[PDB]
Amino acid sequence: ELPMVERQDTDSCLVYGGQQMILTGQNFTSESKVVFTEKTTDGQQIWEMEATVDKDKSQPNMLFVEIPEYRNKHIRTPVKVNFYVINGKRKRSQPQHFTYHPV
């Protein structure tokens, strides 16, 4: 019943974001949300940003997602972040991995 992500077609991009990522998986709906986050090693969440889903193109096994602009556009080394797909208030997918690179 949870959203599931089997694959993503994009693992990185420049800090501005603003490019399409395709998620292959299961149990996506027009109410699925995609949420990018980042945590410190000790687990404090220091970033959260919802990503825009293209709901016309998306299908129950295929989500089209616009990668967010990263929290700090002035980073000087690549930064590892996560994203998950969530249905409702609690049914979230496993966390996926993504990397932003400096301009």
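Residue indices: 1-based, along the sequence shown.
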Between 52-60 and 38-46, point out the one with the higher average CA B-factor as the PDB entry records it. 52-60
Test of reading the entry: by CA B factor among the chain's modelled residues, which third contains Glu69? lowest
CA B-factor ranking of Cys13, expressed as a third of its chain: highest
Which third, lowest, middle or highest, does the C-alpha temperature factor of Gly25 belong to within its own chain? middle
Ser93, C-alpha B-factor rank within chain (lowest, middle or highest third): highest
Ranked by Cα temperature factor within the chain, is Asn82 in the lowest third, the middle third or the highest third? lowest
